[PDB]
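Those protein sequences? They're chains A, B, C and D, same order as listed.
Count along the first sequence from 1, add 28, and you get the number used in my numbering.
Count along the second sequence from 1, add 102, and you get the number used in my numbering.
Count along the third sequence from 1, add 564, and you get the number used in my numbering.
Count along the fourth sequence from 1, add 602, and you get the number used in my numbering.
By construction, the Cβ of each residue, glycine as well, lies at the ideal position given by its N, Cα and C atoms.
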Amino acid sequence: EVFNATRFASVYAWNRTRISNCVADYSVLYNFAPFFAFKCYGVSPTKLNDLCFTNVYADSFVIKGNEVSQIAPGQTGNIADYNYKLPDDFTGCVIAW
Amino acid sequence: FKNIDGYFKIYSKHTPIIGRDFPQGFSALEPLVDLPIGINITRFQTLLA
Amino acid sequence: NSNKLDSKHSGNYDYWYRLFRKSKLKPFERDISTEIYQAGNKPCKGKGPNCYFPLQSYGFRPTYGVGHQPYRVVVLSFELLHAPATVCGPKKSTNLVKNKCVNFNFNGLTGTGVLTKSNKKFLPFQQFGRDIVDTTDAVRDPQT
Amino acid sequence: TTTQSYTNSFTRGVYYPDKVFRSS
Ligand SMILES: *[C@@H]1O[C@H](CO)[C@@H](O)[C@H](O)[C@H]1NC(C)=O
Ligand SMILES: *[C@@H]1O[C@H](CO)[C@@H](O)[C@H](O)[C@H]1NC(C)=O
Ligand SMILES: *[C@@H]1O[C@H](CO)[C@@H](O)[C@H](O)[C@H]1NC(C)=O
């Protein structure tokens, strides 16, 4: 439901769906879309279904190709400093399709 | 040979035995060297003369 | 903490660390390799989707947290076993006395007893010695 | 080129596990 909406809010409305009392089924995360950026920094993208979390935050954005690579810890630009800043100590994964 | 927690071991004993083949009489096996390699080993080949 | 060797202006990401290994690491085994980590299904000889580089940069850039500073950690592995020693500390060289009840600290093995020349057959690699029941019985003189 | 003949190990391959002297 969060990866198949119709009006994913852009960078000015980070549009977060908080995750609790869920099941972390990441098979959909793999088979869904051909993908273009699947960078994981703090958590492995395969050794993660064995980890249990308290809450998970997913922010759905709409940007261009350059901004897709721009979204990264410790980065500057029109989207990494003025609209949405990624923390340096961020542990998680990014999805871009 | 073995490399448990590194430490390659070579135990040796030389005897000009009857010489038919791999014999049957028991023999002890004295160590020669003990070197703590601390590397990873998986295969085994040999050089010739 | 080593802030004066692993930090510099404008950042420093020289160091590296692994998070993607095909299995758990056995003790004291190095797995240094730049083999691209493809979980996926496809071969992925190169980079890209679901087939990523196994090791990431630690990102030890100056200071961004007390729990995130550049700590230098070194581990010292001793082997306290019955084997010929190589490293010691301060040494006293009191001359050996036999046929007398003495306290001995032979090569780290401490104890009390009486010593005498024996007629055993220690092989040059044998150091400690024992008796029937697993106790230090005869220690060959490392000097003479 | 070498052969790959199979033989029985019989009783063999026992070394000294440690550097500790023993008798009887
Ligand atoms: C979104 O859902 C509809 C029906 O629920 C489905 O037909 C469509 O394929 C879905 N979108 C994607 C990208 O799978
Ligand atoms: C050593 O290599 C084998 C295969 O080459 C591998 O299975 C094992 O995990 C490695 N161990 C270490 C400590 O590198
Ligand atoms: C000094 O050490 C060497 C090393 O074996 C040996 O000659 C002996 O243990 C010592 N020399 C003496 C006590 O004169």
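For the candidate residues the options, whose alpha-carbon lies nearest to that of residue i?
i: C/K664; options: C/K655, C/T676, C/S682; result: C/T676
i: C/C615; options: C/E643, C/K586, C/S657, C/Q707; result: C/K586
i: C/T658; options: C/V639, C/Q707, C/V697; result: C/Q707
i: A/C121; options: A/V96, A/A41, A/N32, A/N49; result: A/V96
i: C/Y577; options: C/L589, C/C608, C/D595, C/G623; result: C/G623
i: C/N605; options: A/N59, A/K67, A/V71, A/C68; result: A/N59
i: residue 5 of chain A; options: A/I99, A/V56, A/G105, A/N111; result: Outside the displayed span of chain A (29 to 125) sits residue 5 of chain A, for which this structure offers no information.
i: A/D109; options: A/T34, A/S48, A/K67, A/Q98; result: A/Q98
i: A/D117; options: C/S621, C/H632, C/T699; result: C/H632
i: C/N567; options: C/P591, C/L640, C/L589, C/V630; result: C/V630
i: A/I123; options: A/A100, A/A41, A/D78; result: A/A100
i: C/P654; options: C/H646, C/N671, C/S641; result: C/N671
i: A/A65; options: A/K113, A/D78, A/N77, A/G93; result: A/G93
i: C/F617; options: C/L687, C/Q691, C/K662, C/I596; result: C/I596
i: C/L644; options: C/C652, C/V637, C/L569; result: C/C652
i: D/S626; options: C/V703, C/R704, C/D705, C/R694; result: C/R694
i: A/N77; options: A/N32, A/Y54, A/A41; result: A/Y54
i: C/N683; options: C/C608, C/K656, C/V697, C/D705; result: C/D705
i: A/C50; options: A/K67, A/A33, A/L79; result: A/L79
i: C/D698; options: C/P591, C/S621, C/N667, C/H646; result: C/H646
For residue i, I'd like the list of residues in its chain whose CB is within less than 6 Å of its CB, leaving aside the five on either flank, ordered along the chain.
i: A/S88; result: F36, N43
i: A/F63; result: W125
i: A/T74; result: none
According to the neighbour-count rule (16 or more other Cβ atoms, all chains shown, within 10 Å of its Cβ), is residue i buried or exposed?
i: C/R625; result: buried
i: C/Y601; result: buried
i: B/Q147; result: exposed
i: B/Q126; result: exposed
i: B/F103; result: exposed
i: C/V703; result: buried
i: C/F692; result: buried
i: D/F623; result: buried
i: D/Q606; result: exposed
i: D/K621; result: buried
Counting only beta-carbon atoms, is residue i nearer than 8 Å to chain B?
i: D/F612; result: yes
i: D/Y608; result: no
i: D/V622; result: no
Output needed for residue i: all residues of its chain with C-beta closer than 8 Å, excluding positions within five of it in sequence on either side, in chain order.
i: C/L619; result: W580, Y581, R582, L583, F584, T598
i: B/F124; result: none
i: A/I107; result: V39, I91, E95, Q98, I99
i: C/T627; result: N567, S571, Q633
i: C/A649; result: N671, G672
i: B/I139; result: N105, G108, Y109, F110
Below 7 Å CB to CB, which residues in the same chain sit around residue i once its five sequence neighbours on both sides are set aside?
i: A/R46; result: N83, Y85
i: A/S38; result: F89, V90
i: B/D136; result: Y109, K111
i: C/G610; result: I600
i: A/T119; result: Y69, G70, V71
i: C/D701; result: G693, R694, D695
Is there at least one Cβ from chain D nearer than 8 Å to residue i's Cβ?
i: C/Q691; result: yes
i: C/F686; result: yes
i: C/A649; result: no
i: C/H573; result: no
i: B/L131; result: yes
i: C/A603; result: no
i: B/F146; result: no
When you compare the CB of residue i with every CB in chain C, is at least one pair closer than 8 Å?
i: B/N105; result: no
i: A/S97; result: no
i: B/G108; result: yes
i: A/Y85; result: no
With a cut-off of 8 Å, does the C-beta of residue i fall near any C-beta of chain A?
i: C/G629; result: yes
i: C/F617; result: no
i: C/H646; result: no
i: C/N576; result: no
Check: Three or more C-beta pairs closer than 8 Å, one from the stretch 606-623 of chain D and one from the stretch 123-136 of chain B: is that the case here?
Finding: Judged by Cβ distances under 8 Å, the stretch 606-623 of chain D makes contact with the stretch 123-136 of chain B, as three or more pairs qualify.
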